[PDB]
2 protein chains.
Amino acid sequence: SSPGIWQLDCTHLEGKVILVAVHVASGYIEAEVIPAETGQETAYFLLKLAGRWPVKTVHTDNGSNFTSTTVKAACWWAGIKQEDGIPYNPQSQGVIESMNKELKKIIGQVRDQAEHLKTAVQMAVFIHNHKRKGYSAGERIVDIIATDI
Amino acid sequence: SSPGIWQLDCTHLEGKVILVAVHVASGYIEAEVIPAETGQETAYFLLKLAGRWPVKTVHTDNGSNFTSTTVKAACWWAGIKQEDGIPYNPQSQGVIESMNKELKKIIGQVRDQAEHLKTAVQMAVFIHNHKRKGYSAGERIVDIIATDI
Ligand SMILES: Cc1c(Cl)ccc2sc(N)nc12
Ligand SMILES: Cc1c(Cl)ccc2sc(N)nc12
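Residues numbered from 1 in each chain as written, not as in the entry; some residues may be left out. Chains lettered and ligands numbered in written order. Heavy atoms only, no water. Residues with missing side-chain atoms left out of burial classes, pairs and counts.

Per the deposited record, X-ray crystallography is how this structure was determined, to a resolution of 1.95 Å.

Now the structure itself:
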């Protein structure tokens, strides 16, 4: 069920880790800066995400998070089906890679407005989700999920 | 425009601060634990919120946040109209008070499942937004905003 499918994406900048969840059908994202991509951090991020949107399936970003007992506990708690993130579809790699490049571009454009990286990352989330491409990612996720209800 | 109206709410537990944003028309919430309710914390919370939902108007929770230059900078950045939160409607007090009591109840019911308060708070956000009252708050916010688009 495509309205409920999200993909985890971990990228790096300034020696820090940016964890992104992408709503695959819309391109809508949520993101956070973390010190390191641990099971505990990923678990907490997923718990927050699933309290905010109806997350049914998550394609995890790597095998360590797929294996993590803490990540599995969070997915159990929150009613999330944890899946691998193997791009059986090859264009899935390229779409994420492109989004990572785009996000890093936006972060660069705002970086001086922000004292801390986490502020710049949330500015980038804002700009990404509002950008009209015609509809915005925010508009698309709401339409997709409303129709599903 | 009722689809875009949110209310800030600050409550306390275990000597810590829980900052809540309520989508007034739906009862949907986002929340975070912070060390203290500063302008900087409130500003960052609003930036995150407005990157995730179309926040047009925020009724701030007190006069210090209403006055804060950092909160005003975030509202300017994110396109949010900052208003006072004076309950011209007297039932507004009681609805927030009730939600605070309900949230604290849920936190108590999950508290032992969570090592840290922040995990319990996000479990409570999850339970609150999914609770069927008949529709859930999550269902209502999406319907309200989809109709508005
Ligand atoms: C900007 C935006 C977000 Cl971030 C999320 C949902 C919606 S619905 C709409 N018209 N705009 C949005
Ligand atoms: C559980 C939930 C949330 Cl937290 C937010 C939006 C929606 S729409 C739907 N059917 N469920 C939800």
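Right, picking up where we left off after that structure.
Participant: Pulling in residues and values, what's your account of the interface of chain B and chain A?
Facilitator: Each partner contributes residues to the interface: chain B has 28 residues there, and chain A has 28 residues. Here chain B meets chain A over a buried area of about 2600 Å², counting both sides, of which 67% is carbon and sulfur. When residues of chain B are sorted by the area they lose upon contact with chain A, B:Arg52, B:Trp77 and B:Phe126 head the list and together hold 26% of the total. On inspection of chain B and its partner chain A, the count reaches two salt bridges. With a shortest N-O distance of 2.9 Å, B:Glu30 and A:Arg52 are connected by a salt bridge. For the pair chain B and chain A, the number of links is 13 residue pairs in polar contact. Broken down by secondary-structure element, the contributors of at least two residues to the side of chain B that touches chain A are β3 (28-34), α1 (39-52), α3 (69-78), α5 (117-130) and α6 (137-148) of chain B. At nine residues, α5(B) tops the list of elements feeding residues into the side of chain B that touches chain A. (Contact = heavy atoms within 4.5 Å. Buried area = accessible area lost by both parts, 1.4 Å probe. Salt bridge = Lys/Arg side-chain N within 4 Å of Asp/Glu carboxyl O. Polar contact = N/O pair within 3.5 Å; in protein donor to acceptor, adjacent residues only side chain to side chain. Helix = DSSP H or I, 4+ residues; strand = E, 2+ residues; numbered from the N terminus.)

Participant: So what's going on with the site of ligand 2? Residues and values would help.
Facilitator: Close contacts around ligand 2 come from A:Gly51, A:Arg52, A:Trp53, A:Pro54, A:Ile145, A:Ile149, B:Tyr28, B:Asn129, B:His130, B:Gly138, B:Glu139 and B:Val142, and that covers them all. Calculation on ligand 2 without its partners gives an accessible area of 330 Å², and the protein chains cover 92% of this total. Mapped onto the shell around ligand 2, the elements with two or more residues apiece are α1 (39-52) of chain A together with α5 and α6 of chain B. It is α6(B) that provides the largest number of residues to the shell around ligand 2, a total of three residues. (Near = heavy atom within 4 Å. Areas by Shrake-Rupley, 256 points an atom, 1.4 Å probe, with all protein chains shown as cover.)

Participant: Report on the nonpolar core, specifying residues and quantitative values.
Facilitator: Residues A:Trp6, A:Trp53 and B:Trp53 are the most contacted members of the largest nonpolar core, which totals 85 residues. The residues contacting A:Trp6, other than those within four sequence positions of it, are A:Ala21, A:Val22, A:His23, A:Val24, A:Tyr28, A:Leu49, A:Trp53, A:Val55, A:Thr57, A:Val58, A:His59 and A:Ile141. (Core = buried A, V, L, I, M, F, W, Y, C linked by side-chain atoms within 4.5 Å. Buried < 20%, exposed > 50% of the residue type's maximum accessible area, 1.4 Å probe, protein only.)

Participant: How would you summarise the state of the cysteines if you had to cite specific residues and measurements?
Facilitator: A full pass over the atoms with the stated rule returns zero disulfides over all chains. Not engaged in a disulfide, the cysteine A:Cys75 finds its nearest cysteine sulfur in A:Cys10; these two sulfurs lie 16 Å apart. (Disulfide = S-S within 2.5 Å.)

Participant: For the sheet that holds strand β1 (residues 5-13) of chain B, give the residues involved together with the corresponding values.
Facilitator: Through backbone hydrogen bonds, the strands of a sheet pair up, either in parallel or in antiparallel fashion. Residue and element names in this part refer to chain B. Within the open sheet, the five strands sit side by side as β3-β2-β1-β4-β5. Their pairing is mixed. In this open sheet, the two strands that pair with only one neighbour each are β3 and β5 (81-83). Strand-to-strand twist of the sheet, defined as the mean angle between neighbouring strand axes without regard to direction, takes the value 25°. As paired elements, strand β4 (residues 57-59) and β5 share three bridges and run parallel to each other. The residue of β5 that forms the bridge with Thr57 is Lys81. Its contacts with the sheet put α1 on β1, β2 (16-23), β3 and β4, and the angle it makes with β3 is roughly 145°. (Pairing = 2+ DSSP bridges. Axes fitted to C-alpha atoms, helices over the stretch in contact; angles between N-to-C directions.)

Participant: Quick rundown of the relation of the copies chain B and chain A? Include the residues and the values.
Facilitator: For these two chains of identical sequence, chain B goes onto chain A by a turn of 180° and a shift of 0.0 Å along the axis, with RMSD 0.0 Å. Both chain copies can therefore be described as sitting about a two-fold axis. Closest approach to the rotation axis within chain B is made by the C-alpha atom of B:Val142, at a distance of 2.9 Å. Both copies present the same face, since 100% of the interface residues in chain B are matched by interface residues at the equivalent positions in chain A. (Least-squares fit on C-alpha atoms.)

Participant: Explain the pairing of β2(B) to me, and be specific about the residues and the numbers.
Facilitator: All names here are of chain B. The element β2 is extensively covered by neighbouring structure, given that seven of its eight residues are classed as buried. Where β1 meets β2, eight bridges bridge the pair, whose relative direction is antiparallel. In the strand pairing of β2, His12 is matched with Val17. Counted along the chain from β1 to the antiparallel partner β2, the turn is two residues long, and its residue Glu14 has a positive phi close to 55°. Pairing of β2 with β3, which is carried by seven bridges, proceeds in the antiparallel orientation. Residue pairing across strands places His23 opposite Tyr28, the latter belonging to β3.

Participant: Which residues make up the sheet that holds strand β2 (residues 16-23) of chain A, and what are the values?
Facilitator: All names here are of chain A. Read from one edge of the open sheet, five strands run β3-β2-β1-β4-β5, paired in mixed fashion. At either end of the open sheet lies a strand with only one pairing partner, and these are β3 (28-34) and β5 (81-83). Between one strand and the next, the sheet's axes are offset by a mean angle of 25°, whatever the strand orientation. Against the sheet, α1 contacts β1 (5-13), β2, β3 and β4 (57-59), and its axis sits at roughly 145° relative to β3.

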